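Provided below as structure tokens are two forms of one protein chain, presented individually as structure 1 and structure 2.
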Structure 1
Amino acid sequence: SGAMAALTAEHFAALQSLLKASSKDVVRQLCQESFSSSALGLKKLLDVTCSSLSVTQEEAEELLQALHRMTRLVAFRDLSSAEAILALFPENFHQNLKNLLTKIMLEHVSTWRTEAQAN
């Protein structure tokens, strides 16, 4: 329990793998797929994640778990301002990656919150 209370050190470490992405669009799509997927269904995204980011299977799994948690937390708590989302992050997390993730959360939170709160 408390899954929605915080992202863990392992989550934040895993999200840093997104700096290997070849474009911002890859990050966007990984956020959307990780949200829509159940945690137990994230294994279905491993091959495309490994192949797109050139990461290990373990890096991909940890990343996908982190994105799944972050996007669900944003939806569950209705974190719908940059202020609210920025509050999740450590000071020692890459600033422009954080800003990108915040941007992407804001692009989807209204739809995500509706989808999640319906279920």
Structure 2
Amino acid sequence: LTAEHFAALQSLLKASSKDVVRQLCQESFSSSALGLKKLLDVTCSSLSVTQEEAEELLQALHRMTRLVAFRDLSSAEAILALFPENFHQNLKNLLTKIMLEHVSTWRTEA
């Protein structure tokens, strides 16, 4: 949403001074917790999925990526092991591949 985004920036005209918006822009950047909305919109636009349904996937990816990093998994057949037997094979292998390529760099981010 970039059209109704500028319709939100206009609310800055309800401010009291140029000092409050000066401290409001500084707090809008460093607070990276607001980056989730950009992640949701880019997920809904790339997968043609609902906002509520995009939240379920992102939590799943977060949960699994954190998991393979926590246990420090370098084994391919170990990654494949936690996938259920009735899981889409090509997607299972695609994920497994991505897990292996980033399991090193991800663990450093802790």
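For clarity, a rigid core is taken as the largest C-alpha set superposing within 1.5 Å between two forms. Structure 1 provides the reference sequence; residues are numbered from 1 along it.
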Splitting the chain into two rigid parts between structure 1 and structure 2 - does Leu64 land with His11?
no
Degrees of rotation of the smaller rigid part against the larger one between structure 1 and structure 2 total 114
After superposing on the rigid core, the Cα of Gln57 moves between structure 1 and structure 2 by an amount in angstrom of 1.0
For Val27, the CA shift between structure 1 and structure 2 after fitting the core, in Å, is 37.0
Between-form comparison on the rigid core puts the Cα shift of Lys44 between structure 1 and structure 2, in Å, at 4.3
